[PDB]
>>> print(open('structure12.txt').read())   # compact mmCIF, N, CA and C atoms and all ligand atoms
# COMPACT_ATOMS: atom_id res chain seq x y z
N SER S 347 0.82 -1.20 0.00
CA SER S 347 0.00 0.00 0.00
C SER S 347 0.86 1.26 0.00
N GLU S 348 0.20 2.30 -0.19
CA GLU S 348 0.90 3.58 -0.18
C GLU S 348 1.49 3.86 1.20
N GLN S 349 0.74 3.55 2.26
CA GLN S 349 1.27 3.75 3.60
C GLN S 349 2.46 2.83 3.86
N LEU S 350 2.40 1.60 3.36
CA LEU S 350 3.54 0.70 3.56
C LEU S 350 4.76 1.13 2.77
N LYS S 351 4.57 1.78 1.62
CA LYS S 351 5.71 2.37 0.92
C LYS S 351 6.36 3.46 1.76
N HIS S 352 5.55 4.31 2.40
CA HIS S 352 6.10 5.30 3.31
C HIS S 352 6.88 4.62 4.43
N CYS S 353 6.34 3.53 4.98
CA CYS S 353 7.05 2.80 6.03
C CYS S 353 8.37 2.26 5.51
N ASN S 354 8.38 1.71 4.30
CA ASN S 354 9.63 1.22 3.72
C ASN S 354 10.63 2.36 3.53
N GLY S 355 10.15 3.54 3.15
CA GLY S 355 11.03 4.69 3.05
C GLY S 355 11.66 5.04 4.38
N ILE S 356 10.85 5.05 5.45
CA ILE S 356 11.37 5.28 6.80
C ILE S 356 12.43 4.24 7.14
N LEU S 357 12.13 2.97 6.87
CA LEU S 357 13.07 1.87 7.20
C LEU S 357 14.40 2.11 6.48
N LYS S 358 14.33 2.46 5.20
CA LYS S 358 15.52 2.73 4.42
C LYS S 358 16.30 3.88 5.07
N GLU S 359 15.59 4.93 5.47
CA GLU S 359 16.26 6.04 6.13
C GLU S 359 16.94 5.60 7.43
N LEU S 360 16.26 4.80 8.25
CA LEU S 360 16.86 4.38 9.51
C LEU S 360 18.13 3.58 9.29
N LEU S 361 18.23 2.89 8.17
CA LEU S 361 19.39 2.08 7.81
C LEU S 361 20.46 2.85 7.04
N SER S 362 20.25 4.14 6.78
CA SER S 362 21.10 4.91 5.89
C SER S 362 22.27 5.56 6.64
N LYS S 363 23.27 6.00 5.86
CA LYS S 363 24.50 6.50 6.46
C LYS S 363 24.25 7.70 7.36
N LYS S 364 23.27 8.54 7.04
CA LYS S 364 23.13 9.76 7.82
C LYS S 364 22.74 9.51 9.27
N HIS S 365 22.18 8.33 9.59
CA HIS S 365 21.83 8.00 10.97
C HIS S 365 22.73 6.93 11.58
N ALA S 366 23.78 6.52 10.86
CA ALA S 366 24.53 5.33 11.26
C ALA S 366 25.23 5.51 12.60
N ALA S 367 25.55 6.75 12.98
CA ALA S 367 26.30 6.96 14.21
C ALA S 367 25.52 6.50 15.43
N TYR S 368 24.19 6.55 15.38
CA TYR S 368 23.35 6.09 16.48
C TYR S 368 22.45 4.92 16.12
N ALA S 369 22.31 4.58 14.84
CA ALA S 369 21.45 3.46 14.45
C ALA S 369 22.15 2.11 14.52
N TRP S 370 23.48 2.07 14.50
CA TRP S 370 24.19 0.80 14.32
C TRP S 370 23.83 -0.27 15.34
N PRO S 371 23.56 0.03 16.62
CA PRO S 371 23.22 -1.07 17.54
C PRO S 371 21.95 -1.80 17.16
N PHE S 372 21.09 -1.18 16.37
CA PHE S 372 19.79 -1.72 16.00
C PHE S 372 19.80 -2.45 14.66
N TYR S 373 20.96 -2.54 14.00
CA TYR S 373 21.02 -3.12 12.65
C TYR S 373 20.71 -4.61 12.64
N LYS S 374 21.14 -5.35 13.65
CA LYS S 374 21.05 -6.80 13.69
C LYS S 374 20.53 -7.22 15.05
N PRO S 375 20.02 -8.46 15.17
CA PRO S 375 19.55 -8.92 16.49
C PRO S 375 20.64 -8.78 17.55
N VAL S 376 20.23 -8.45 18.77
CA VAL S 376 21.16 -8.51 19.89
C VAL S 376 21.70 -9.94 19.98
N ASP S 377 23.02 -10.08 19.92
CA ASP S 377 23.67 -11.38 20.15
C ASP S 377 24.05 -11.40 21.62
N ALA S 378 23.13 -11.89 22.45
CA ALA S 378 23.28 -11.77 23.89
C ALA S 378 24.52 -12.51 24.38
N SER S 379 24.73 -13.72 23.88
CA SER S 379 25.89 -14.49 24.32
C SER S 379 27.19 -13.80 23.93
N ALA S 380 27.27 -13.26 22.71
CA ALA S 380 28.49 -12.55 22.30
C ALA S 380 28.79 -11.38 23.23
N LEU S 381 27.76 -10.71 23.73
CA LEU S 381 27.92 -9.56 24.60
C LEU S 381 27.99 -9.92 26.08
N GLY S 382 27.90 -11.21 26.42
CA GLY S 382 27.88 -11.61 27.82
C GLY S 382 26.60 -11.28 28.55
N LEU S 383 25.51 -11.03 27.83
CA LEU S 383 24.25 -10.60 28.44
C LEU S 383 23.35 -11.82 28.65
N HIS S 384 23.73 -12.61 29.65
CA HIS S 384 23.11 -13.92 29.83
C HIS S 384 21.71 -13.86 30.40
N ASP S 385 21.22 -12.67 30.74
CA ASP S 385 19.84 -12.47 31.17
C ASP S 385 18.96 -11.84 30.10
N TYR S 386 19.51 -11.51 28.93
CA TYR S 386 18.76 -10.74 27.93
C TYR S 386 17.47 -11.45 27.54
N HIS S 387 17.55 -12.74 27.25
CA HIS S 387 16.37 -13.45 26.76
C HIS S 387 15.42 -13.87 27.87
N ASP S 388 15.81 -13.72 29.13
CA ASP S 388 14.84 -13.85 30.21
C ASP S 388 14.03 -12.58 30.38
N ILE S 389 14.62 -11.44 30.01
CA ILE S 389 13.98 -10.14 30.19
C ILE S 389 13.22 -9.70 28.94
N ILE S 390 13.74 -10.03 27.76
CA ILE S 390 13.17 -9.61 26.48
C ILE S 390 12.49 -10.83 25.86
N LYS S 391 11.16 -10.84 25.88
CA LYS S 391 10.41 -11.98 25.36
C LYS S 391 10.32 -11.97 23.84
N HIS S 392 10.34 -10.79 23.22
CA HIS S 392 10.13 -10.64 21.78
C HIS S 392 11.21 -9.73 21.21
N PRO S 393 12.39 -10.28 20.92
CA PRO S 393 13.46 -9.47 20.33
C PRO S 393 13.05 -8.88 18.99
N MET S 394 13.61 -7.72 18.67
CA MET S 394 13.36 -7.11 17.37
C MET S 394 14.55 -6.23 17.01
N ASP S 395 14.77 -6.05 15.71
CA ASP S 395 15.88 -5.27 15.20
C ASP S 395 15.56 -4.90 13.76
N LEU S 396 16.34 -3.96 13.20
CA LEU S 396 16.02 -3.44 11.87
C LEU S 396 16.17 -4.47 10.77
N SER S 397 17.11 -5.42 10.90
CA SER S 397 17.24 -6.43 9.84
C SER S 397 16.02 -7.34 9.79
N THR S 398 15.40 -7.59 10.95
CA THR S 398 14.19 -8.39 10.99
C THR S 398 13.01 -7.62 10.42
N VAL S 399 12.90 -6.33 10.76
CA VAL S 399 11.87 -5.50 10.15
C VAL S 399 12.03 -5.50 8.63
N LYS S 400 13.27 -5.37 8.16
CA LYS S 400 13.53 -5.35 6.72
C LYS S 400 13.13 -6.67 6.07
N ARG S 401 13.51 -7.80 6.67
CA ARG S 401 13.11 -9.09 6.13
C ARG S 401 11.60 -9.21 6.06
N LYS S 402 10.90 -8.77 7.11
CA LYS S 402 9.45 -8.84 7.12
C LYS S 402 8.85 -7.97 6.02
N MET S 403 9.38 -6.76 5.84
CA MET S 403 8.90 -5.89 4.77
C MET S 403 9.14 -6.52 3.40
N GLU S 404 10.35 -7.04 3.18
CA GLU S 404 10.66 -7.67 1.90
C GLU S 404 9.75 -8.86 1.61
N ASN S 405 9.34 -9.58 2.65
CA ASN S 405 8.47 -10.74 2.50
C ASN S 405 7.00 -10.38 2.52
N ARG S 406 6.66 -9.09 2.57
CA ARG S 406 5.27 -8.64 2.61
C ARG S 406 4.52 -9.19 3.82
N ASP S 407 5.24 -9.32 4.93
CA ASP S 407 4.66 -9.81 6.17
C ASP S 407 3.70 -8.79 6.78
N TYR S 408 4.02 -7.50 6.69
CA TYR S 408 3.19 -6.50 7.37
C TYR S 408 1.84 -6.31 6.68
N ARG S 409 0.76 -6.39 7.47
CA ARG S 409 -0.59 -6.14 6.95
C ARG S 409 -0.78 -4.67 6.63
N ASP S 410 -0.22 -3.79 7.46
CA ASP S 410 -0.48 -2.36 7.37
C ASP S 410 0.61 -1.61 8.12
N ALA S 411 0.55 -0.28 8.03
CA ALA S 411 1.57 0.55 8.66
C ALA S 411 1.59 0.39 10.17
N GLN S 412 0.42 0.19 10.77
CA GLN S 412 0.31 0.03 12.24
C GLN S 412 1.15 -1.17 12.69
N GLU S 413 1.12 -2.27 11.93
CA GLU S 413 1.87 -3.45 12.32
C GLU S 413 3.38 -3.20 12.22
N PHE S 414 3.80 -2.52 11.16
CA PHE S 414 5.20 -2.11 11.02
C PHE S 414 5.63 -1.24 12.19
N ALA S 415 4.82 -0.23 12.52
CA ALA S 415 5.19 0.70 13.58
C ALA S 415 5.30 -0.01 14.92
N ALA S 416 4.42 -0.98 15.16
CA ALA S 416 4.49 -1.72 16.42
C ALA S 416 5.81 -2.46 16.56
N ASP S 417 6.32 -3.03 15.46
CA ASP S 417 7.62 -3.72 15.52
C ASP S 417 8.77 -2.75 15.75
N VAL S 418 8.78 -1.61 15.05
CA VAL S 418 9.86 -0.65 15.26
C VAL S 418 9.85 -0.17 16.71
N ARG S 419 8.65 0.10 17.24
CA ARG S 419 8.56 0.56 18.62
C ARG S 419 8.92 -0.54 19.61
N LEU S 420 8.59 -1.80 19.29
CA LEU S 420 9.02 -2.92 20.12
C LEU S 420 10.54 -2.97 20.24
N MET S 421 11.22 -2.75 19.12
CA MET S 421 12.68 -2.72 19.13
C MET S 421 13.20 -1.69 20.12
N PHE S 422 12.64 -0.48 20.10
CA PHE S 422 13.09 0.55 21.04
C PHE S 422 12.70 0.20 22.47
N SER S 423 11.48 -0.28 22.67
CA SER S 423 11.03 -0.64 24.01
C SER S 423 11.93 -1.70 24.64
N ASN S 424 12.34 -2.71 23.85
CA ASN S 424 13.24 -3.73 24.39
C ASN S 424 14.51 -3.10 24.91
N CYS S 425 15.02 -2.10 24.18
CA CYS S 425 16.24 -1.42 24.59
C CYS S 425 16.03 -0.67 25.90
N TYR S 426 14.91 0.07 26.01
CA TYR S 426 14.59 0.79 27.24
C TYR S 426 14.34 -0.16 28.40
N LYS S 427 13.82 -1.35 28.11
CA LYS S 427 13.51 -2.31 29.17
C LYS S 427 14.78 -2.94 29.73
N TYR S 428 15.71 -3.30 28.85
CA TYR S 428 16.85 -4.10 29.28
C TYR S 428 17.95 -3.25 29.92
N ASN S 429 18.21 -2.07 29.39
CA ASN S 429 19.41 -1.30 29.73
C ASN S 429 19.10 -0.22 30.75
N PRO S 430 20.08 0.13 31.58
CA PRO S 430 19.89 1.26 32.48
C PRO S 430 19.66 2.53 31.68
N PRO S 431 18.88 3.47 32.22
CA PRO S 431 18.51 4.65 31.42
C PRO S 431 19.69 5.53 31.04
N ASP S 432 20.82 5.42 31.72
CA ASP S 432 22.00 6.24 31.42
C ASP S 432 22.97 5.56 30.45
N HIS S 433 22.62 4.40 29.92
CA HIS S 433 23.49 3.69 28.99
C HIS S 433 23.52 4.40 27.64
N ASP S 434 24.70 4.40 27.01
CA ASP S 434 24.83 5.01 25.69
C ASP S 434 23.79 4.48 24.70
N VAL S 435 23.47 3.18 24.78
CA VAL S 435 22.56 2.61 23.79
C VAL S 435 21.17 3.20 23.94
N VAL S 436 20.78 3.58 25.16
CA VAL S 436 19.48 4.19 25.38
C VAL S 436 19.42 5.58 24.77
N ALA S 437 20.50 6.35 24.89
CA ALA S 437 20.55 7.65 24.23
C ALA S 437 20.45 7.50 22.72
N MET S 438 21.12 6.47 22.18
CA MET S 438 21.04 6.21 20.75
C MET S 438 19.63 5.79 20.34
N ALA S 439 18.99 4.93 21.15
CA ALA S 439 17.61 4.54 20.88
C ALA S 439 16.70 5.77 20.82
N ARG S 440 16.83 6.67 21.79
CA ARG S 440 15.96 7.84 21.81
C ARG S 440 16.14 8.69 20.56
N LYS S 441 17.38 8.85 20.10
CA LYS S 441 17.63 9.64 18.90
C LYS S 441 17.05 8.97 17.66
N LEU S 442 17.25 7.66 17.52
CA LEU S 442 16.70 6.98 16.36
C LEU S 442 15.17 6.94 16.41
N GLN S 443 14.61 6.78 17.61
CA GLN S 443 13.15 6.78 17.71
C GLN S 443 12.57 8.15 17.36
N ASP S 444 13.28 9.22 17.71
CA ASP S 444 12.85 10.55 17.31
C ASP S 444 12.78 10.66 15.79
N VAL S 445 13.81 10.17 15.09
CA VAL S 445 13.76 10.15 13.63
C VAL S 445 12.53 9.39 13.16
N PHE S 446 12.33 8.20 13.71
CA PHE S 446 11.21 7.36 13.30
C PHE S 446 9.87 8.05 13.54
N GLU S 447 9.64 8.54 14.76
CA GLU S 447 8.32 9.06 15.10
C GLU S 447 7.98 10.29 14.27
N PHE S 448 8.94 11.18 14.05
CA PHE S 448 8.63 12.38 13.29
C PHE S 448 8.29 12.05 11.84
N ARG S 449 8.98 11.08 11.23
CA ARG S 449 8.64 10.74 9.85
C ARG S 449 7.40 9.86 9.77
N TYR S 450 7.20 8.96 10.73
CA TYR S 450 5.98 8.17 10.73
C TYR S 450 4.75 9.08 10.83
N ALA S 451 4.87 10.18 11.57
CA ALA S 451 3.79 11.14 11.69
C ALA S 451 3.45 11.81 10.36
N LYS S 452 4.36 11.80 9.39
CA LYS S 452 4.10 12.36 8.06
C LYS S 452 3.46 11.36 7.10
N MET S 453 2.97 10.24 7.61
CA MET S 453 2.37 9.21 6.77
C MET S 453 1.20 9.77 5.98
N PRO S 454 1.10 9.50 4.67
CA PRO S 454 -0.06 9.88 3.87
C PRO S 454 -1.34 9.22 4.39
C1 LIG S 501 20.20 -2.37 20.81
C2 LIG S 501 20.53 -2.98 22.16
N1 LIG S 501 19.74 -3.04 23.21
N2 LIG S 501 20.41 -3.67 24.23
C3 LIG S 501 21.62 -3.98 23.76
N3 LIG S 501 21.71 -3.56 22.51
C4 LIG S 501 22.92 -3.76 21.71
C5 LIG S 501 22.75 -4.33 20.31
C6 LIG S 501 24.00 -4.54 19.49
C7 LIG S 501 25.35 -4.18 20.13
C8 LIG S 501 26.59 -4.38 19.30
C9 LIG S 501 27.87 -4.36 19.76
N4 LIG S 501 28.66 -4.57 18.71
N5 LIG S 501 27.86 -4.70 17.58
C10 LIG S 501 28.34 -4.93 16.23
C11 LIG S 501 26.59 -4.58 17.96
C12 LIG S 501 25.49 -3.60 21.53
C13 LIG S 501 24.20 -3.41 22.33
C14 LIG S 501 24.29 -2.81 23.74
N6 LIG S 501 25.65 -2.44 24.02
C15 LIG S 501 26.16 -1.20 23.55
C16 LIG S 501 25.42 -0.44 22.47
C17 LIG S 501 26.00 0.87 22.00
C18 LIG S 501 27.27 1.36 22.64
CL1 LIG S 501 27.92 2.88 22.09
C19 LIG S 501 28.02 0.60 23.71
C20 LIG S 501 27.45 -0.71 24.18
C21 LIG S 501 23.90 -3.77 24.84
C22 LIG S 501 22.78 -4.71 24.44
>>> encode(input="structure12.txt", output="structure tokens", more="lines below")
Ligand SMILES: Cc1nnc2n1-c1ccc(-c3cnn(C)c3)cc1[C@H](Nc1ccc(Cl)cc1)CC2
Amino acid sequence: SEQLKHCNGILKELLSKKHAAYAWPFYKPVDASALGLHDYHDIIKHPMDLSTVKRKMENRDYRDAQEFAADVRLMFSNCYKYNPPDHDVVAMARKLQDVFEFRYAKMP
């Protein structure tokens, strides 16, 4: 749909070089074992990341823009849930979510 094209545009922007300084932690699933975060999957029931959103978009998994937005917001919420509020990754999440929310609000 036209709204899903707008969502795909947002996704492309979130993955683009101009946001890479703060978007990079969200590019791929959290590899909890690689990071020593042995409680991550006890705390985060539904992991999400931009590569998974992209795969879902490419596979036409999303019914509508609302479903896409719920996944992007789940990704940020997982970050806010797991990490202390003063962690660098939380500051990066807030900045990337600001990009997302302002452009999602421009949906046709
Ligand atoms: C998102 C998110 N939500 N919870 C976490 N993550 C996260 C995802 C990926 C990476 C990572 C590390 N390497 N690669 C290639 C990816 C690091 C983190 C966080 N760690 C972190 C993040 C940013 C900075 Cl500046 C310092 C530490 C802790 C776990």
>>> residues_around(input="structure12.txt", residues="region 389-394 of chain S", least_positions_apart="4", cutoff="6 Å", atoms="all atoms listed in the file", output="PyMOL selection string")
chain S and resi 375+385+420-421
>>> write_last_selection(input="structure12.txt", atoms="N, CA and C atoms", output="short mmCIF file (atom, residue, chain, number, x, y, z; two decimals), in the coordinates of the input")
data_model
loop_
_atom_site.label_atom_id
_atom_site.label_comp_id
_atom_site.auth_asym_id
_atom_site.auth_seq_id
_atom_site.Cartn_x
_atom_site.Cartn_y
_atom_site.Cartn_z
N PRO S 375 20.02 -8.46 15.17
CA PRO S 375 19.55 -8.92 16.49
C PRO S 375 20.64 -8.78 17.55
N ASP S 385 21.22 -12.67 30.74
CA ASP S 385 19.84 -12.47 31.17
C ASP S 385 18.96 -11.84 30.10
N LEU S 420 8.59 -1.80 19.29
CA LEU S 420 9.02 -2.92 20.12
C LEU S 420 10.54 -2.97 20.24
N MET S 421 11.22 -2.75 19.12
CA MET S 421 12.68 -2.72 19.13
C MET S 421 13.20 -1.69 20.12
#
>>> residues_around(input="structure12.txt", residues="residue 374 (chain S)", least_positions_apart="5", cutoff="6 Å", atoms="all atoms listed in the file", output="VMD selection string")
chain S and resid 395 to 397
>>> closest_residue(input="structure12.txt", among="S:355, S:371, S:382, S:431", to="ligand LIG 501 (chain S)", atoms="all atoms listed in the file")
S:371
>>> residues_near_ligand(input="structure12.txt", ligand="ligand LIG 501 (chain S)", cutoff="6 Å", atoms="only C-alpha atoms and all ligand atoms", output="short mmCIF file (atom, residue, chain, number, x, y, z; two decimals) with N, CA and C atoms, in the frame of the given file")
data_model
loop_
_atom_site.label_atom_id
_atom_site.label_comp_id
_atom_site.auth_asym_id
_atom_site.auth_seq_id
_atom_site.Cartn_x
_atom_site.Cartn_y
_atom_site.Cartn_z
N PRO S 371 23.56 0.03 16.62
CA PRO S 371 23.22 -1.07 17.54
C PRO S 371 21.95 -1.80 17.16
N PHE S 372 21.09 -1.18 16.37
CA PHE S 372 19.79 -1.72 16.00
C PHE S 372 19.80 -2.45 14.66
N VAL S 376 20.23 -8.45 18.77
CA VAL S 376 21.16 -8.51 19.89
C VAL S 376 21.70 -9.94 19.98
N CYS S 425 15.02 -2.10 24.18
CA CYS S 425 16.24 -1.42 24.59
C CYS S 425 16.03 -0.67 25.90
N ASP S 434 24.70 4.40 27.01
CA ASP S 434 24.83 5.01 25.69
C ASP S 434 23.79 4.48 24.70
N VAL S 435 23.47 3.18 24.78
CA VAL S 435 22.56 2.61 23.79
C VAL S 435 21.17 3.20 23.94
#
>>> select_by_dssp(input="structure12.txt", residues="chain S", states="helix (DSSP H, G or I)", output="ChimeraX atom specification")
/S:348-360,363-372,386-389,396-404,411-428,434-450
>>> atom_distance(input="structure12.txt", atom1="CA of residue 386 (chain S)", atom2="atom N of residue 400 (chain S)")
21.2 Å
>>> residues_around(input="structure12.txt", residues="residue 350 (chain S)", least_positions_apart="4", cutoff="7 Å", atoms="only C-alpha atoms", output="PyMOL selection string")
chain S and resi 354+410-411
>>> closest_residue(input="structure12.txt", among="S:367, S:403, S:381, S:415", to="residue 441 (chain S)", atoms="only C-alpha atoms")
S:367
>>> closest_residue(input="structure12.txt", among="S:387, S:443, S:448, S:438", to="residue 368 (chain S)", atoms="only C-alpha atoms")
S:438
>>> closest_residue(input="structure12.txt", among="S:409, S:363, S:424, S:398", to="residue 347 (chain S)", atoms="only C-alpha atoms")
S:409
>>> axis_aligned_box(input="structure12.txt", around="region 385-398 of chain S", padding_each_side="4 Å", output="lines of an AutoDock Vina configuration file")
center_x = 15.7
center_y = -8.7
center_z = 20.5
size_x = 19.1
size_y = 18.4
size_z = 29.4
>>> atom_distance(input="structure12.txt", atom1="CA of residue 404 (chain S)", atom2="CA of residue 452 (chain S)")
22.0 Å
>>> atom_distance(input="structure12.txt", atom1="CA of residue 437 (chain S)", atom2="CA of residue 423 (chain S)")
12.6 Å
>>> residues_around(input="structure12.txt", residues="residue 369 (chain S)", least_positions_apart="4", cutoff="7 Å", atoms="all atoms listed in the file", output="list in words")
residues 360, 365, 373, 438 and 442 of chain S
